[PDB]
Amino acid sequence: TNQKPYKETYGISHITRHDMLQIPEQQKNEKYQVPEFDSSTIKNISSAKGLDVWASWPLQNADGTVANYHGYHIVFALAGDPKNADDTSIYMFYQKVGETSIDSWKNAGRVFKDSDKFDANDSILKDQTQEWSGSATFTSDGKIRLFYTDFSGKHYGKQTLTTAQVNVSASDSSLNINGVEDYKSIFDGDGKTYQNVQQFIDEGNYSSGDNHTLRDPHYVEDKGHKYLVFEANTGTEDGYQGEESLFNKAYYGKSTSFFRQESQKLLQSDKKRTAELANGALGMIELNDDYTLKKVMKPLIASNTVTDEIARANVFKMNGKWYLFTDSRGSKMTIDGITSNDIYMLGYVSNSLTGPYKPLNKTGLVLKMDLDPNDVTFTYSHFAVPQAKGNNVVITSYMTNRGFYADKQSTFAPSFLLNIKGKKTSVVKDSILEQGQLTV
């Protein structure tokens, strides 16, 4: 055949088959394992009575550290009725700084009223059916600036990175959401750098096996420049999905001998098409000072052949280096030895915000969680929260799968600590914090 191998990095970093195949052995080390949690201590968020509360994010200062909003910490979370998976709205919870109990989290309610997306006179928001995850920054002039994912069940799962300013009143006692403003779509994918939903739709959408994503926008600043880093998929010009992508050695790793081995297995494997379709990416755009789209930038990293889904993009500068993280499910990967119970947080390090990134702990493995989904202390959506001092970050996550238990809802997991040193990380032994704790 005249279809020959090649190597093209497209100028971006890559999560490779070589590195992923080392994780099943490496993940046996307790250094990379989410700690065992004691279910006897776990409570529902009492101020969110009856709602599942899952993927969540703190209001952050520009540097990623947790914001002090007039004496409060603020966390945005997705929540809704456990009996309806399509009930997904963003709620704002808060706690006085210094409190750490689960029962210190108060609930200011939903950020958005039903009419907000229609009052915005933004044509994409008119079609929103769910509010998916994001980030929130506390601006120089004291404003709460939210980014999140507008999901549209009406348009085959379209996902649009979206922003609003949340106007909140204080009261000694409680915080109040008075309304939102500057509510607008920012980016729905350009087709060339980031897949757009029209490519999903026209290739056959749900019956194609493709997984289109454009979500989880994370706000970050470098030198006054404003950016979103987000979960996406590559487009036509930066290593698109398809049979051809199986012939790019940059997706396999450094050795040509590993490449010919692994590629022939993959090409004749039951997971060939899944790997062809797999083209996840952590994308990056620059914003203008009014939070509109200024510049589409190339992905920080891509996961061609390995998975279509690298979620909850997170990036921050810590002690001189940039750390980039993403969550990913073993159930959607194509890597032998990685099982449908494996769940990971993967992590990468660079001297600059824009790359290039190198895998942490050699493989990119940072955290592994492999509890049965029915386990009450199952956790997902791990998220590294930068701290003002030291080498440790706080890992938040949600606990208990949505809708599984009548009386134990998805809740804030016990936080725990992750030590980050140069290119290596370690779960800090016996570092379990309160449920939902953001700071040490």
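Just count from 1 along the sequence shown to find any residue number.
The mean Cα B-factor in the deposited entry runs higher for 347 to 355 than for the other of 347 to 355 and 123 to 131. The PDB entry reports B-factors from which the mean C-alpha value can be compared for 240 to 248 and 91 to 99; the larger average falls on 91 to 99. Between the residues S47, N391, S397, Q60, it is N391 that shows the highest Cα B-factor in the PDB record.
The maximum CA B-factor among the listed residues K158, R329, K271, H218, taken from the PDB record, is found at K271. The deposited CA B-factor of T1 belongs to the highest third of values across its chain. Ranked within its chain, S13 lands in the middle third, by CA B factor from the PDB record. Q33: CA B factor lies in the highest third for its chain, per the PDB record. In this PDB entry, the Cα temperature factor of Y69 sits in the top third of its chain's modelled residues, the highest group. When the modelled residues of the chain are ordered by C-alpha B-factor, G191 sits in the lowest third.
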